[PDB]
Amino acid sequence: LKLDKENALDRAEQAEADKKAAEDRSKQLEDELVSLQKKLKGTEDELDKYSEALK
Amino acid sequence: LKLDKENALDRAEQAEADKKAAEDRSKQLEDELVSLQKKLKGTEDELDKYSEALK
Amino acid sequence: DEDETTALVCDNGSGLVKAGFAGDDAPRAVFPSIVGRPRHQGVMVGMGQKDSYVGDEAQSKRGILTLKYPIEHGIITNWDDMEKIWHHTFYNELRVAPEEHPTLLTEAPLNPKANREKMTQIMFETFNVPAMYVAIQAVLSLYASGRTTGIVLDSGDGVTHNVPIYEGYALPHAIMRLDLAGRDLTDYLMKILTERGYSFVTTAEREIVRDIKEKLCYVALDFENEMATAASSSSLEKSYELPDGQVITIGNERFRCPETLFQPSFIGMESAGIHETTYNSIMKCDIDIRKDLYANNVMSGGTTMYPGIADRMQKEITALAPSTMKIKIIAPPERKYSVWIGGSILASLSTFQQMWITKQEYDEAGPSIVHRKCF
Amino acid sequence: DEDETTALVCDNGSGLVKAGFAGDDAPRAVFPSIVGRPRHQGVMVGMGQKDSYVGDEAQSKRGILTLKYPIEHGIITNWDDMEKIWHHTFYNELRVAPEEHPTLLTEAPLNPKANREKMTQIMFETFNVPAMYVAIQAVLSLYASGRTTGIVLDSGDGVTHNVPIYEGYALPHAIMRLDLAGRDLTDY
Amino acid sequence: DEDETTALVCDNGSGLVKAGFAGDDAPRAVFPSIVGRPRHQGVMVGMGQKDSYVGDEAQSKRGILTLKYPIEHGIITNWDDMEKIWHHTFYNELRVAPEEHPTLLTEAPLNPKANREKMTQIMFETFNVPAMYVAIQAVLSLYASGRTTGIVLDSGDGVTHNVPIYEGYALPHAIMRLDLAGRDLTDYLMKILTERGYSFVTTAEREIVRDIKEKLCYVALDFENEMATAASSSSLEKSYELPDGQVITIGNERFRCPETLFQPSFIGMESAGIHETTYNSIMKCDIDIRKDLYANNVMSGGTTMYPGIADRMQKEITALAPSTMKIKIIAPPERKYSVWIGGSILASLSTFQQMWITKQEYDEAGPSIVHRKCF
Ligand SMILES: Nc1ncnc2c1ncn2[C@@H]1O[C@H](COP(=O)(O)OP(=O)(O)O)[C@@H](O)[C@H]1O
Ligand SMILES: Nc1ncnc2c1ncn2[C@@H]1O[C@H](COP(=O)(O)OP(=O)(O)O)[C@@H](O)[C@H]1O
């Protein structure tokens, strides 16, 4: 079993490292997605203000 | 060792399952982020067009 | 074991072949595209010993076998060996006889026509498949990747095709087919490892090197700085255990080989490299197309699996690209398996049930029928 | 979507089509006088993709389309594409079905007769419009400008008709039609 | 080696350069527009290997070189490589140079302004020519054809111009610039020969294909009839021996490539085709002009050498043209060499001796003078 444990383990640790990376990447993207959503809401509101200031 | 390839494998598979859910979220969040950022820039470009049209 | 006449799908490259049934999201089995033959007479009892070996059999006994790949730079030239591969693939591992199921095979947009004719002919005349359909690898890459628009870099074992697609349409004036592929990288790695004192010259050795490449090599985001470091310090070396217990390490060779994709002159090819080839596919397209292709650069096939290739390619295209434009590479986990997956998607689309050649139309027209019925 | 059976107005130039309803001060929407068609071989299956695109659709998907103008120097020659543009214009975007509204179209006074005759035929036979009226650009320009008297020099996309009107009357012997327009300025 | 005090003439495109001296009826030599560079690192001592190769040297050694072409669809952008090409052309092979002779260079009527400015500048500043004159290819095409009036179908290596002249005057609104020429036809043939099992990717391979095309291909008077037979039978195929010992045969591809001129859609080009562009150059001219241009359709440049092109272009225009009136194509042996010949005629005519920029006016005005003195 050492070979199976070692293969399962390299995968356990890499998969855990990768799931952490996936959770951290998806967390950072979610937080950045939100920052972009807020910044977009910002540009949409500023857009309406410029569009309205313009009309 | 006896159940460690299994513990490691279950960890690898659980981590891979979570990694994938989180990697799929990462892709979804990144695609939304990029599209959202493009919407941001779309509106930011419009803020300038309206700002310019306004000035 | 299936409860419906689902199509069987096989993505047969010059390297490896992936197979499963339509409707799945992955192949059920992977085999090398190899039929092996012994160059030595076995002496010991209980050593197997076959006249020929197919797929995984060729790899398992490869130490004394010549390993022939029936597909040459994307085209089947040895149809007998493909029959051995398809019988084994469909009948033994997928556990389905093609006689009761339609079959989908794939080829590159500029793949020589005889390939599509033999793929179709073999399945109809040797396996009696009720229907056939030769797919476009560019389509399958896009359907697996979630795109209709983008650059398809299918970087296969025999050829890198490189075709821009827009709104589901080919843009053929911008296809820049490149004769630099995964097979050349394996051959180059055998030669660079030789420079370090580990000579690989046989077919068994070729497979060992193929495995070394897949696990140890990368392109590097900055070749010259990575090279200078790797050539100066053991910190960038990585070991591999060879089948006979010897240990091989790779230093700047770890990237100098993969670098051939960016510098094809290393194998004697006249080319500007994969990133200029890719770029040639995005700028040649029309002024209102370019922006969508830049933002949707799609990887499929293998070699896309080097740790730094998605990021270096995005960087190189960005450097060549005009400002304002967004450059993005889609490099999904379905990497190397994407064309097969796209095949599954295509075979089962309701919009594609009229695209199948039946074993009626085939016999009335002959093998050339694939020319008018597929694409 | 309108609450009154007002007339419709559709200014079908060699460039763009301005359209909306009668009584307003602006077109409600502007469409190009374009029907677009793919000039490429489809690669993917199940992509939708039209045989032809109309108006703003033709420009939106233009990256792989050749874009044709049914109207040349002010005259319609491709009535089939005109009907496609009008159907889209009236039913999808302006939301006014001509069957329930009378329609006014526009043209130069020296625009060959087939233009006014074919436009009238299509609105009555393919759209079932209750009534029609093909108006002259010189008349239309003086009304828009608040005049009864003046020279209308319409430096539009197709053909320039240069037509003088006095006290509401045409002065046809003084019309100078010139084969120069915005489309040629673009080509230069 | 020459002692005739005359002007020198060169026609420089994306493929070839025709050159010789004014007053004769033919170029003395034709050189490739190529500066070749080695694409390999030499290992052995005594193997020669130049840093650069020029013209025919670059083409003759191409198997191991990358070949660069300085002209992009009619415009010289790599002036440094053209200076090398011109030095070789004049000093080494034609045995006559601009330092002792006035020189005439050609360009298309709508060619970007920088081209004529650099052609004028290089002859004055690196070759010390006593005088210069940048000529319009349309002018030269009709002089060499015995015309003052006609349509010039100047199908070159990178661009076809399609330009009418009437009584010696330009009719510029009727010019139909087309992005289809001999180099695009070569690229298309490389792709369809790939479809036949003979892939061509490298530039040396491009030159092999250009040789195949020039000797085996044709347009056909009746494409569909030749196509239906050629696509169905070996009786329409023609063999060519490749420089590696292989033999390639070409069937309907033999004419499908050349057909691109009539159907540009074959390479993804948005165009009505060469016969409609010819028709429009005639039709967009005034009605008392149209009849003379129909009767004087003049071929110049290359691609005019395809079997069926002089008969086909006349058929395609007469089929669109009104009856009674005679439609004629002029297609002399001076085909493809006629622009150079026209250059010789223009440079040597006594009626042209006041059109030359001397190295007096040039030195005081600079290269912008080309717009004051040439056109
Ligand atoms: N991690 C990796 N590193 C380097 N090369 C890889 C890696 N993974 C896959 N490749 C290479 O890509 C090729 C796989 O071919 P493939 O794409 O699967 O053909 P097909 O698309 O028809 O199924 C082989 O040469 C393989 O060695
Ligand atoms: N026998 C032939 N068959 C087909 N095409 C030809 C033939 N001869 C010449 N052409 C084409 O014309 C080109 C050379 O013609 P030319 O007009 O003199 O170029 P340029 O004006 O740039 O000097 C070649 O690249 C070739 O593609």
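One is the number of the first residue shown, and numbering goes on along the chain from there.
Any Cβ shown, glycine's included, is placed from N, Cα and C.
Marked as N-acetylaspartate by Swiss-Prot on the basis of experimental evidence: E:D1. With a cut-off of 8 Å between CB atoms and residues at least 6 apart in sequence, the same chain places E:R95, E:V96 near E:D1 (N-acetylaspartate), listed in sequence order. E:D1 (N-acetylaspartate) falls within neither a helix nor a strand when secondary structure is assigned with DSSP, and so counts as coil.
Summarising the annotation, Swiss-Prot assigns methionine (R)-sulfoxide to E:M44 (among others). E:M44 (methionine (R)-sulfoxide) falls outside any helix or strand according to DSSP and counts as coil.
E:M47 (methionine (R)-sulfoxide): 7 other CB atoms within 10 A of its CB, across all protein chains. Positions annotated as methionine (R)-sulfoxide by Swiss-Prot, on the basis of similarity to another entry: E:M47 (among others).
Sequence-distant contacts (6 or more apart, same chain, Cβ under 8 Å) of E:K61 (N6-malonyllysine) comprise E:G36, E:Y53. Under the heading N6-malonyllysine, Swiss-Prot lists E:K61.
For E:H73 (tele-methylhistidine), the same-chain residues lying six or more positions away in sequence with a CB closer than 8 A to its CB are E:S14, E:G158, E:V159, E:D179, E:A181. Taken residue by residue with DSSP, E:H73 (tele-methylhistidine) is part of neither helix nor strand, so it is coil. Among the features that Swiss-Prot reports, tele-methylhistidine is placed at E:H73.
Proximity of E:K84 (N6-methyllysine) to non-local residues of its own chain (separation of 6 or more, Cβ distance below 8 Å) is seen for E:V35, E:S52, E:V54, given in sequence order. As annotated by Swiss-Prot, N6-methyllysine applies to E:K84, with the evidence given as similarity to another entry.
Counted within 10 Å of its Cβ, the other Cβ atoms near E:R177 (ADP-ribosylarginine) come to 16, all protein chains included. Taken from Swiss-Prot, the feature ADP-ribosylarginine covers E:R177.
Swiss-Prot lists E:110-123 (among others) with the feature region 'Interaction with alpha-actinin', giving experimental evidence as the kind of evidence. DSSP states for the region 'Interaction with alpha-actinin' (E:110-123), grouped as helix (H, G, I), strand (E, B) and coil, give 11 helix, 0 strand, 3 coil.
Annotation comment: Swiss-Prot describes E:358-370 (among others) as region 'Interaction with alpha-actinin'. Residue counts for the region 'Interaction with alpha-actinin' (E:358-370) by DSSP state, with H, G and I taken as helix and E and B as strand, are 9 helix, 1 strand, 3 coil.
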Rounded to the nearest angstrom, how far is the Cα of E:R177 (ADP-ribosylarginine) from the Cα of E:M47 (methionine (R)-sulfoxide)? 47
Around E:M44 (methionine (R)-sulfoxide), how many other C-beta atoms are within 10 angstroms of its C-beta? 6
